[PDB]
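Commentary on secondary and tertiary structure
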Amino acid sequence: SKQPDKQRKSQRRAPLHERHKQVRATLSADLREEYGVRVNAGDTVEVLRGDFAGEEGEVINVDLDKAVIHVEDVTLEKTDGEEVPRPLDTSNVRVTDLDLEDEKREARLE
Amino acid sequence: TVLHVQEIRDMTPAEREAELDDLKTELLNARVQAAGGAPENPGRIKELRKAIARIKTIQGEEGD
Amino acid sequence: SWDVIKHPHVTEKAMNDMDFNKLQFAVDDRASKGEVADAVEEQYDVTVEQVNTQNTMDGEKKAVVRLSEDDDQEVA
Amino acid sequence: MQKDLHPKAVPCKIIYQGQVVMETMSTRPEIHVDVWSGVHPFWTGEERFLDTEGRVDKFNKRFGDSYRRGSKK
RNA sequence: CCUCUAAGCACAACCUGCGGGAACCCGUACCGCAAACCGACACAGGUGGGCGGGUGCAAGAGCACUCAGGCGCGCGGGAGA
RNA sequence: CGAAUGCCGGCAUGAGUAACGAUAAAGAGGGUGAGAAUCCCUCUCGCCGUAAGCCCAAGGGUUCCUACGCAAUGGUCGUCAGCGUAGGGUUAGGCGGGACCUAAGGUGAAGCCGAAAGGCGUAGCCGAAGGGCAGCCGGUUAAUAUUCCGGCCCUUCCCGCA
RNA sequence: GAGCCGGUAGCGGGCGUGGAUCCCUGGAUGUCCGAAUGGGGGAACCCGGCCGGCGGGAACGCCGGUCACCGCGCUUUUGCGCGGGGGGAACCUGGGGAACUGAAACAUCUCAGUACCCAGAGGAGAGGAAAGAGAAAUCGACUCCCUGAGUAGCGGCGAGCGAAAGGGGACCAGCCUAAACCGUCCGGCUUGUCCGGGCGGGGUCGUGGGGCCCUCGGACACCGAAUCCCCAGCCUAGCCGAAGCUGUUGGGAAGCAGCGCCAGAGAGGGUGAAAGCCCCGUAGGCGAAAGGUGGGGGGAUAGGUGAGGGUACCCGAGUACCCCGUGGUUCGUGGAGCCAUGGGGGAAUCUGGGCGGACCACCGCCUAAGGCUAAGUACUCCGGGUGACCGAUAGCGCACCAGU
């Protein structure tokens, strides 16, 4: 990690969990100001960019794999028809309703 | 995560032998199966293969 | 050491083969009348009746055990 | 390494060349040949640690045979 | 197959009978006087053995016509200088 | 950088002239197809025939059958293929190789000589449609067969007892 | 730390916070070939002894395991139990060891001790405490840089080839061994008094050793390794980890605009168009091991050497030395030495013996004819960084179902 490429190298060649590193982000008021450690991968979010900028949505599939995630909102319909989930670019994921009814969720980040 | 090392290790020599025996038998079963195409994916099939595998492993180690 | 035989070799022929008599299958490749017919013998009720055998550019070996005068069961 | 001499080494090197002298006795010299060759002594019979025979050559011979340093006669 | 040591039979060695048992490792498919083999191509090149059907011919795998079996050559029409 | 009969790669030339790979020929009828001189059945006819025969092997090695299908290969076509996809198809105690025998020849503990790699080389080993050796004819699928079926003839090795 | 059954996206079915996928290390398997080594052999295939289960042997009998090549010592016995080899891009040394081409020919010569082929050790080998150097009575491992010198000089003195002690620098360290004398003794001849070999004496650094007589004298001197846990370095992932929103042209904004913060980390990349404050597991920096490799550094292990005079002397080589015939060297046969040897002669053990380039006298120098010796220079398969390096006809020829 001292050159532009070792980034990819460690990032996805080493811990997929590093990809979780990718998971990293932030959220609403409460939680966020509250602090900034430990998360939920699958939590609620709003997209702060793209036409979909400022759009209300929920995180369903934490998809560190393809290096991003899927939220019910950020979705598009096909051409044949059927509607389906959009490839969501980590980059503008704002979490807020901090998924926590899950005791463990609470324990870890709120 | 099911059976387990030590315990099965308690399971004596010729036993080890016996049970494996069968072990082959049933997995082979599976085989005839996959062939048939009758049943479905036995994450089982795979696992059992492994189970037998480790069995062996420890077995060997203990020292025949 | 362990296992034995391979599996049932069902080919139009195969199917009928085993059906009126004998039975044909997936025989690893090693073993032979001895080792092979054994595997059979121990598994399938019946004793080491008779056998013939072949390979083929593919990987699998195909062998034939002519029946015991007893059971086989349609679907192998 | 089957040509040497057990007591020491003596096969090899050796570059001959001729000229047409006539020098320090009024006027210089002149250079010719450019060749390489063999050069050695001679071997014979004796024995070591239960048979063997030996070989070696002249010099060493007169020596180690007279005596012995790693085997005998 | 006979002759014999070492040798071991020599009521247990070889030969011989009959009865029960036992019998493996790699090979085939089609091409193959050949578009599937060598010639870089479905290139009138070559490439080892098997009688090579019959009628006529003085004899004969030579000749002309055929038997069994093979093929019509992989571009076709059309004038006719 | 025309510019080195330049290297690389496209791209035009003659040119829609030259060629279709042996002057052993074709023709008709119907069949199938989106479309057939160029596929299928069928009836006229021509060419082999000592071969354009079938066979053993050498070599190649799935090319074979069967249902599909044709973009390129097929020097035109092409619903045909030895083209494509997929399925399926070759079983032997006695066929053959070995599991035996050796010359050549090679290997080759020992032995012999080299600057080192080496040389040479006993005997033993390797090394053949040369030696050796126990059956054949009918049948039977899309395919295989002296191996599958069946009839008929055997072989070696083993336990036993005579 | 919460997703996963790899590059295949697909189906069909499944695993996991009663710390899954995966990062690491340390595990068992580890088919058949390839030094191949059990035997054969057109590798990747076909052949042999014991143990082996006992295996079906439904009223009938296996694989599996295993196992043994040969050169190597030697506890020899009947030989048991060790080491080898086969690699390796380039680096090292030694064995062997060339034409073109230059001389405007070409025989000397140069290309070179170059290319190559070989054997072999390594991780580095090379080499390496002096029969040296040089001569100011001076210097003291071996190597590697600069410098010395393109000097001193070699030479159809024609092309060309071409040093070294000294100065500067990096580094630094030293130790044995036969070496018969002594004794120990074994084994011998055949008892003596002979050589013999295992033990110590010494087991030489700059010359002594040993053996005799009296002075001795009575504890800090560890190498190349040995040793401890040490920071054992690394081995991959370690983890924290500062700080803007609203508006807005926008298909998109991180941009224009308004105001807000960071900050030993305004290195760069990823973010739908260029952000310090959005992603970045980055530079700020802290971080961190039960495994697998050190120097340092600490200790004892510590091996191990470590004083005086005497005395008639015995104590590192088989050959130096010389003559011929070659080598290295800057030396091309030369006034031509030193070392190294091919072939014949064949010495001396301290007033010994080479040495300072023919030789002779005197002086000065060293003590051969055995061995080990980390570090200071080389090298790149591999990992990292960095580049007034490249952009797919340029870079290694190959940026990804290419040495195919």
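This entry, as listed in the PDB, derives from X-ray crystallography and reports a resolution of 5.500 Å.

Per the PDB entry, chain B is named 50S ribosomal protein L29, and its organism is Thermus thermophilus. Per the PDB header, the entry is named "Crystal structure of 70S ribosome with thrS operator and tRNAs".

Per the PDB entry, chain A is named 50S ribosomal protein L24, and its organism is Thermus thermophilus.

1. Digging into helix α3 (residues 43–63) of chain B
For the α-helix, the turn length of 3.6 residues means that residues three or four positions removed from each other point alike. Residues and elements named next belong to chain B. Between the first and last C-alpha of α3 there are 30 Å, a value that for 21 residues agrees with the 30 Å anticipated at 1.5 Å per step. Within α3, the full set of buried residues consists of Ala51, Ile52, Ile55 and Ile58. One side of α3 carries all its buried residues, which in axial view fall inside an arc of 130°. Relative to its buried face, α3 has exposed residues pointing more than 90 degrees away, namely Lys46, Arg49 and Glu61.

2. Details of the sheet that holds strand β4 (residues 61–66) of chain C
All names here are of chain C. With antiparallel pairing, the 4 strands of this open sheet are ordered in space as β1-β2-β4-β3. Every interior strand has two partners, whereas the edge strands, β1 (7–8) and β3 (50–54), have only one. Taken together, the 2 bridges between β1 and strand β2 (residues 23–27) define a ladder with antiparallel strand orientation. Bridged to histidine 7 within β2 is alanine 26.

3. A closer look at the protein's contact with RNA strand F
Around RNA strand F sit 18 residues, and of these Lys13, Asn52 and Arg66 of chain C together with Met1 and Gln2 of chain D come closest. At 2.6 Å from a phosphate oxygen of RNA strand F is found a side-chain nitrogen or oxygen belonging to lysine 62 of chain C. Taking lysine 3 of chain D, its side chain carries an N or O atom lying 2.5 Å from a sugar or linking oxygen of RNA strand F. Of all the secondary-structure elements, those providing two or more residues to the surface near RNA strand F are α1 (12–20), β3 and β4 of chain C. Class assignment of the residues belonging to the surface near RNA strand F gives a composition of 5 nonpolar, 6 polar and 7 charged.

4. So, the sheet that holds strand β2 (residues 55–63) of chain A
Residue and element names in this part refer to chain A. Taken in spatial order, the 4 strands of this open sheet run β3-β2-β1-β6, and their pairing is antiparallel. A strand with exactly one partner marks an edge of an open sheet, and here the two such strands are β3 (68–71) and β6 (93–95). Sheet twist, expressed as the average angle between the axes of neighbouring strands with direction ignored, equals 50°. For strand β1 (residues 44–47) and β6, the ladder comprises 3 bridges, and the chain directions are antiparallel. Following the sheet pairing, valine 47 is matched in β6 by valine 93.

5. Quick word on the packing of helix α2 (residues 13–36) of chain B against α3 of chain B
Residues and elements named next belong to chain B. Packing of α2 against α3 leaves a shortest axis separation of 10 Å and a crossing angle of 160°. Of the possible angle classes, the one that applies to α2 and α3 is roughly antiparallel. Note on packing geometry: the crossing formed by α2 with α3 is left-handed. Along its contact with α2, which presents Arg16, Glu19, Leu20, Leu23, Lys24, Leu27 and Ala30, the element α3 presents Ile45, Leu48, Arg49, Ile52, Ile55 and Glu62. Looking at the contact of α2 with α3 residue by residue, the classes come out as 8 nonpolar, no polar and 5 charged.

What counts as what
- Residues numbered from 1 in each chain as written, not as in the entry; some residues may be left out.
- Chains lettered and ligands numbered in written order.
- Part of a larger assembly, values for the part shown.
- Heavy atoms only, no water.
- Helix = DSSP H or I, 4+ residues; strand = E, 2+ residues; numbered from the N terminus.
- Expected span 1.5 Å × (residues − 1).
- Buried < 20%, exposed > 50% of the residue type's maximum accessible area, 1.4 Å probe, protein only.
- Arc of directions from axis to C-beta.
- Pairing = 2+ DSSP bridges.
- Near = heavy atom within 4 Å.
- Polar contact = N/O pair within 3.5 Å; in protein donor to acceptor, adjacent residues only side chain to side chain.
- Nonpolar A, V, L, I, M, F, W, Y, C, P; charged D, E, K, R; others polar.
- Axes fitted to C-alpha atoms, helices over the stretch in contact; angles between N-to-C directions.
- Parallel < 35°, antiparallel > 145°, perpendicular 65-115°, else oblique.
- Left-handed = near helix turned anticlockwise from the far one by under 90°.
- Contact = heavy atoms within 4.5 Å.

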